Amino acid sequence: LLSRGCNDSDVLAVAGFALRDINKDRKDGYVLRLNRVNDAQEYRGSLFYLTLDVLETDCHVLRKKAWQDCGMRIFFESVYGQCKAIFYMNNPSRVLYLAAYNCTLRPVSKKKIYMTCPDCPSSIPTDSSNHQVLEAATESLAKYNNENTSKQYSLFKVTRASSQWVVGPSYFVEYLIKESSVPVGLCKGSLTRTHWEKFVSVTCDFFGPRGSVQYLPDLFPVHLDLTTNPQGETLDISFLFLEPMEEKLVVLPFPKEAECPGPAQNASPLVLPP
Amino acid sequence: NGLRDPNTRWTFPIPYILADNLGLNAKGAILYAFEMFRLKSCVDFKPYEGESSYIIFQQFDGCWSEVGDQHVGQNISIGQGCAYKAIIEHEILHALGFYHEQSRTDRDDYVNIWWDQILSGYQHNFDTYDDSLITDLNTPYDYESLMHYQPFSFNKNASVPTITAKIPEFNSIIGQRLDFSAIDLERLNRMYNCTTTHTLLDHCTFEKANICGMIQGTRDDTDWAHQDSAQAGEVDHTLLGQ
Amino acid sequence: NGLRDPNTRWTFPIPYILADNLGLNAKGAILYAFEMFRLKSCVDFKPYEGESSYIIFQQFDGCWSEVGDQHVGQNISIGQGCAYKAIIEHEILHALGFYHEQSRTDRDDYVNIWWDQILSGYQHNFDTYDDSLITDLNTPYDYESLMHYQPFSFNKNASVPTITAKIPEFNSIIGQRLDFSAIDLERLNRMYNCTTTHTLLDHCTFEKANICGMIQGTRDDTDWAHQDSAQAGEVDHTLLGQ
Amino acid sequence: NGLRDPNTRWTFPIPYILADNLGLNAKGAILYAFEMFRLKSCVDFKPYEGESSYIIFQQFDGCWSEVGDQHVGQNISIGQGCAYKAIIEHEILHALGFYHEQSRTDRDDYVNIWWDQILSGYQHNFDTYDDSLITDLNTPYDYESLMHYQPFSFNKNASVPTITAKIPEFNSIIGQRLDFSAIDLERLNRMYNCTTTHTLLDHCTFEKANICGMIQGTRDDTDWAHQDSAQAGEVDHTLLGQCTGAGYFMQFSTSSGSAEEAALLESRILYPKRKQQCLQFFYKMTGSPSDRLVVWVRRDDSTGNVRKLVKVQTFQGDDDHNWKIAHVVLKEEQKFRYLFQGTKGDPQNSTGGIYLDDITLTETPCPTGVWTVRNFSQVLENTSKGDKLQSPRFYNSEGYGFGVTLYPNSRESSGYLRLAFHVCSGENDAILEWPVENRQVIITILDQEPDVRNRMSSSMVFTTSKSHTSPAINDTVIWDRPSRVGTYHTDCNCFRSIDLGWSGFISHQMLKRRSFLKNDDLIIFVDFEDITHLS
Ligand SMILES: *[C@@H]1O[C@H](CO[C@@H]2O[C@@H](C)[C@@H](O)[C@@H](O)[C@@H]2O)[C@@H](O[C@@H]2O[C@H](CO)[C@@H](O[C@@H]3O[C@H](CO)[C@@H](O)[C@H](O)[C@@H]3O)[C@H](O)[C@H]2NC(C)=O)[C@H](O)[C@H]1NC(C)=O
Ligand SMILES: *[C@@H]1O[C@H](CO)[C@@H](O[C@@H]2O[C@H](CO)[C@@H](O[C@@H]3O[C@H](CO)[C@@H](O)[C@H](O)[C@H]3NC(C)=O)[C@H](O)[C@H]2NC(C)=O)[C@H](O)[C@H]1NC(C)=O
Ligand SMILES: *[C@@H]1O[C@H](CO)[C@@H](O[C@@H]2O[C@H](CO)[C@@H](O[C@@H]3O[C@H](CO)[C@@H](O)[C@H](O)[C@H]3NC(C)=O)[C@H](O)[C@H]2NC(C)=O)[C@H](O)[C@H]1NC(C)=O
Ligand SMILES: *[C@@H]1O[C@H](CO)[C@@H](O[C@@H]2O[C@H](CO)[C@@H](O[C@@H]3O[C@H](CO)[C@@H](O)[C@H](O)[C@H]3NC(C)=O)[C@H](O)[C@H]2NC(C)=O)[C@H](O)[C@H]1NC(C)=O
Ligand SMILES: *[C@@H]1O[C@H](CO)[C@@H](O[C@@H]2O[C@H](CO)[C@@H](O)[C@H](O)[C@H]2NC(C)=O)[C@H](O)[C@H]1NC(C)=O
Ligand SMILES: *[C@@H]1O[C@H](CO)[C@@H](O[C@@H]2O[C@H](CO)[C@@H](O)[C@H](O)[C@H]2NC(C)=O)[C@H](O)[C@H]1NC(C)=O
Ligand SMILES: *[C@@H]1O[C@H](CO)[C@@H](O[C@@H]2O[C@H](CO)[C@@H](O)[C@H](O)[C@H]2NC(C)=O)[C@H](O)[C@H]1NC(C)=O
Ligand SMILES: *[C@@H]1O[C@H](CO)[C@@H](O[C@@H]2O[C@H](CO)[C@@H](O)[C@H](O)[C@H]2NC(C)=O)[C@H](O)[C@H]1NC(C)=O
Ligand SMILES: *[C@@H]1O[C@H](CO)[C@@H](O[C@@H]2O[C@H](CO)[C@@H](O)[C@H](O)[C@H]2NC(C)=O)[C@H](O)[C@H]1NC(C)=O
Ligand SMILES: *[C@@H]1O[C@H](CO)[C@@H](O)[C@H](O)[C@H]1NC(C)=O
Ligand SMILES: [Ca+2]
Ligand SMILES: [Ca+2]
Ligand SMILES: [Ca+2]
Ligand SMILES: [Ca+2]
Ligand SMILES: [Zn+2]
Ligand SMILES: [Zn+2]
């Protein structure tokens, strides 16, 4: 394999399509953003094994926006980590294809956020055992079902959540919805319960290659060894074409992670793998 | 509780922006909080005019600030329900390089943290800092601090406090949100070398025979007595015969 | 009474030379005055190391200082008897840009000058400076000031006062040579942005319920009461039951 | 026994690491061993700061070192039970470049190896090295060497020695683990070109008429006599009348003249290398109780003139008239001179004077408590097995009261001295943290030689620990507050803990050698200091 510099311009181009394909496969959670190429190793078109260090954008994967259309999350909201990937590009046929991936993600260290900004909403382990998260999402939904009545909506799933305690308990939530079947939108919301008076807010916004994703707790382990075979093991990409060109392919064991790493889209150690 | 590194200091006035996502009430309350800083300290604020570091105030999720001057300029959030002056003063004290009072290095001497009563994943909000990160500004731990968390902060059970004073009387006082404490002003002044304040022009209580540099006319007829509260039933207002 | 122009302000530590024409008593009295400055303000002193301006203290004729930092470095004189700590402190306050208290712009509101009782050839030592030359530092005229002249100063007749307070009580007070007054420190601190004294490390009178951030041990058997001074003989030392 | 190749030499200070697999007791004992190197040689040590060659001290299996500087940096092991200073000193001598003494090229001229008594597969540890590997540094074979091996070394049968001296007396001496031998220090000095040592600042036995460059005041009233031990019944402490015409000391007669007449004896100027020093000396006050021996410092007044007097410690007459030992903590960071004033008090009630001999001045802490036991040879005969003596109660720097139990005849073995520490209740206990979690006891039987390089003071070390317990105290920690957990003694109106230390701290046949019983009496030093800060 020809190991490729992480700043190599063809690799920098490939990484943006590989990431788009990774999002294309993802059917739940949030659109990932490149922070910086951290590995790229090439079998010989061109087949790349990769490690991309990555952030989370503010857009859910069910939203129709491309990842380039979207913004980065604020420091305290941040999720980040590593995507490991296998992707091919044929220069004559202009082919661009992710074969497989595995992505490990973490929230930013809740300690390092508190060290940078003490009142910043600290992210919550996402489950139904946080009854106040359920109360926050149901209250923000109930507010929207009063702000509009041309349609009415139901809570599908709570996705991202944080809370704060500077005015009493303040909770902040993101959740999927459908009408009162498949979701129709993502809604942000909040609930702030001062002893003398509630406050409620809401927004509503409206709407493959084998791999895996995990949002692990904070203070990047990943696996993608599709074969053990030192001679390599067979793959086929010949289905991509209207005519029967001979395009069988080889996967060898996953390559281990001087023109490296690439420059970061956000250089803060809050969102940087080791 | 002050961020030690002197690079993290502002240079007054702090240039600021009020984003339009703030409700009118929040914009007005932020200006009222600045008038309290200008009245109790040499801290001042100016509208933004192209400075490298500045505060932008915005109605984001919750109510929070980065700590000290971030030299690129920085967000303060004042989320819905955080309009009261003391919350704004608390956040502006974070932008002015202060941490919470229960995050002092010595805090364990002054408060109990009931760790098992804190909500899971919220234990960090009670992380202390070492004396390399933070100065005490040679001041005691102040329970009456605006930075101090209320007894029920991040608690599992609404009947049960997260944090309590080792001097049990201060259970009732920790996390007052009236105003700056006297020691919070002392610390802010020791941080920013203040002595005057922009908006207290004079005061007098007459406790000194100097009568605050007041003088008595001579084109008038007589004089006001500098009357001593010793006479029966005839006390001053400063001490009311105390 | 402070010189308005900020260029006239020292930058601490003020580097000093003690000239060898000074007696030992005068050298030691100077270093003792420095300890009082360091103890009551952020004013600090260092031995000379080639700086552009510095004080040299001298046993020249009389006891006198140029006012404020002359950026070439300047004489102070300490003639016989000016070895007294308060007279060194007075001359160092001149060096720190302070004029006499009876030379305030408003001084005529507070003190009579008996020009007829001044020695002929010395009336100009009772000149008063306009407010473009001097600030009040937003302070009252202070009879207790170390910068004030006593009643019998430059007088023809030893029995007859040159200068008297219009509040007549203060005739018994003006031109004290004890120490800095509280307003002399308040002025000095406003002039130099001093918030913390170099040597006052801590003080406590327990007047506040946080007991000056003291704590009680748990290794010991028991605790000290924070005691209310209310019982019949058992008064505090700060207030003596006043 | 020194490694010949000069590329194997260290360059001082030796940079070191204490690995956290070391117990606190081992960490403290290693630093204490470094203090003994600095007190007897120009060897010095420093914390590691990224140097190429260094020692990392660890708690591996057994207790060992690589020999000489290994330029990549090297391990020392101090396995459990190796804490005692002499073992640490032995392994640091290996790292300095010394092989075992019975591995000398010429050893066979001096010792017998009973090869058939050695364990099979260990005999190679008794190999002798050629003169191309090793120098003698022009020194004889030393049976007293700390680098020697005990008779019972790697032996099959516990009754039978592996190694014996050809001169049969030294069978009782080989493999001493008191300290460095005199010859071990001479070799160490000859290897590294040492002449001074970092932590002996001064000493004086008054042997020369020069009086060690001391002087006498002239602003005082009179003088100390530089007094000859030849006068009957008035022996100095250095020789105690063992030699005619050679024992000398300072004496200040208080038997005549007025009260409050005085003489200053004043040292030569000293340039301290540390912030603290301990002025040891020996003295007598046979004169009226109202006589005062006052120790003073004259120190640099910061103009470079040594004229600032500082009264440091006053010694007053007691019923005892035999030679006492004194230690005065000095705290000098600028050049100075130590001074003795004697003050005459009621000469109408003095038949005697004040005496000084055997001064030593080390840049160290002082022994925290010092016990003398008088007529110790007579005590050692009179005492039955398992009888005890107890020290009066010392206080450490933190205010913990403590003492030592001496059992002159061990009940645990014949011909051995047992010596043990205990905490005592005292006026401070109510505020101190209990148990004594990490305080490090060092007990030393002082070798009474003024020159610290001539001293082989026996010393044993332990750290009071949470693991130290007994059923006699319901399996609670021995170092808990002595009013709770100790036993009462009207003998000092104290509680005392259960005692911990060593059965056979030293044998009688060892204690009778050297200067451990110099004036027919025993001197024990105790230190008891917190070592939590090494964690
Ligand atoms: C005169 O000095 C003696 C002791 O000094 C010795 O005798 C002188 C005459 C000279 O020869 C000196 O060179 C020589 O050192 C004083 O005698 C001592 O008095 C004290 C107080 O009464 C006694 O102390 C008590 O001792 C008992 C034990 O016996 C204890 O239980 C007590 O607690 C207490 O310590 C001491 O025994 C006694 N010593 C002797 C050897 O007699 C004498 O008091 C003094 N005279 C004056 C007028 O000062
Ligand atoms: C409050 O008052 C303080 C004095 O009491 C000010 O502290 C001094 O600020 C100086 C800069 O204005 C510092 O000088 C710099 O020091 C650093 C090392 O700390 C050097 O590298 C720099 O070279 C030096 N600057 C120059 C131009 O050479 C002083 O060190 C510092 N003194 C002390 C004792 O802290 C505070 O700046 C002031 N703060 C505010 C918010 O007003
Ligand atoms: C005590 O604190 C004062 C603030 O409370 C300091 O006062 C500030 O000093 C600045 C210089 O160090 C002044 O800047 C100058 O401003 C004028 C316009 O007023 C400009 O022409 C100058 O170019 C400008 N100088 C520079 C280098 O930019 C501030 O105006 C001034 N602020 C006030 C309110 O007076 C004192 O300096 C400080 N004194 C000491 C001894 O610490
Ligand atoms: C204790 O004193 C010893 C002398 O008694 C010192 O030994 C001398 O060290 C020199 C280096 O510092 C040696 O010079 C080198 O010698 C070798 C051959 O031995 C040459 O190849 C080198 O070129 C030469 N060095 C240079 C720069 O040319 C001396 O030869 C050596 N003398 C003897 C008699 O051995 C010890 O080094 C000293 N110990 C310490 C720790 O300082
Ligand atoms: C203040 O918070 C806002 C939150 O919106 C930050 O603005 C976002 O920043 C990221 C990264 O630059 C962009 O992708 C988004 O498009 C921004 N959104 C908006 C609405 O501008 C902002 O960067 C924070 N910091 C400052 C100093 O303003
Ligand atoms: C929240 O805290 C309160 C106060 O400690 C708990 O109240 C106790 O509840 C039980 C019954 O569940 C009663 O037997 C006790 O008498 C109550 N104690 C007091 C002091 O009133 C309450 O149960 C806690 N709830 C949760 C969910 O933690
Ligand atoms: C100093 O002032 C006093 C008071 O004005 C003068 O004292 C008076 O002198 C007259 C004679 O000229 C006497 O009759 C009065 O009895 C004095 N009064 C008092 C209070 O004693 C004094 O003469 C003046 N001296 C000088 C040298 O000017
Ligand atoms: C000191 O001895 C230890 C224990 O053998 C050495 O530590 C490890 O030793 C094995 C075998 O050499 C290596 O596989 C490990 O990588 C070593 N780890 C470390 C942290 O060194 C150690 O190397 C020895 N020497 C020194 C200078 O420490
Ligand atoms: C260790 O050495 C001693 C001394 O030679 C041996 O002692 C003998 O032991 C036997 C009984 O086992 C007795 O009959 C002899 O009288 C003992 N001799 C002496 C001189 O006391 C001992 O046996 C040896 N042990 C081993 C295991 O070799
Ligand atoms: C020590 O021995 C001497 C005799 O040499 C005797 O007089 C003295 O009382 C003994 N002292 C003690 C403490 O036993
Ligand atoms: Ca009037
Ligand atoms: Ca207590
Ligand atoms: Ca002698
Ligand atoms: Ca003399
Ligand atoms: Zn806060
Ligand atoms: Zn060995």
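Residue numbering restarts at 1 for every chain, and letters A, B, ... go by the order of the sequence lines. Only this structure's heavy atoms are used, side chains among them; waters, hydrogens and symmetry mates stay out.
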Is B/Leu200 in contact with chain C via its backbone, its side chain, both, or neither, using a 4.5 Å heavy-atom distance? backbone
Please check if the number of heavy atoms outside C/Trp115 that lie under 6.0 Å from its CH2 is greater than 12. yes
Measuring from C/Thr196:OG1 to B/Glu186:CD, what's the distance to the nearest 0.5 Å? 8.5 Å
Please classify the contact of C/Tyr192 with chain B as side chain, backbone, both or neither, using a heavy-atom distance under 4.5 Å. neither
How about B/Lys85: does its NZ atom have over 12 heavy atoms from other parts shown lying under 6.0 Å from it? yes
Report, as yes or no, whether the 6.0 Å neighbourhood of atom NE2 on B/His71 holds more than 12 heavy atoms from other residues, nucleotides or ligands. yes
Go through the atoms of C/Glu144 and report whether side chain, backbone, both or neither lie under 4.5 Å from a heavy atom of chain B. neither
What part of C/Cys194 is in contact with chain B, defined as an atom under 4.5 angstrom from a non-hydrogen atom: side chain, backbone, both or neither? backbone
When rounded to the nearest 0.5 angstrom, what distance separates CD1 in C/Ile215 from CG in B/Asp109? 4.0 Å
Residue pair B/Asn210 / C/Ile167, side-chain heavy-atom distance below 4.5 Å: no
Under 4.5 Å from a heavy atom of chain C, the part of B/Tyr110 involved: side chain
Quick one: what part of B/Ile183 sits under 4.5 Å from any heavy atom of chain C, side chain, backbone, both or neither? side chain
From NZ (B/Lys166) to OG1 (C/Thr218), nearest 0.5 Å: 7.5 Å
Is it the case that over 12 heavy atoms from other parts of the model lie below 6.0 angstrom from the CD atom of B/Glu169? no
Residue B/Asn138 versus chain C: region with a heavy atom under 4.5 Å: side chain
Name the region of B/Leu137, side chain, backbone, both or neither, that has any atom closer than 4.5 Å to a heavy atom of chain C. neither
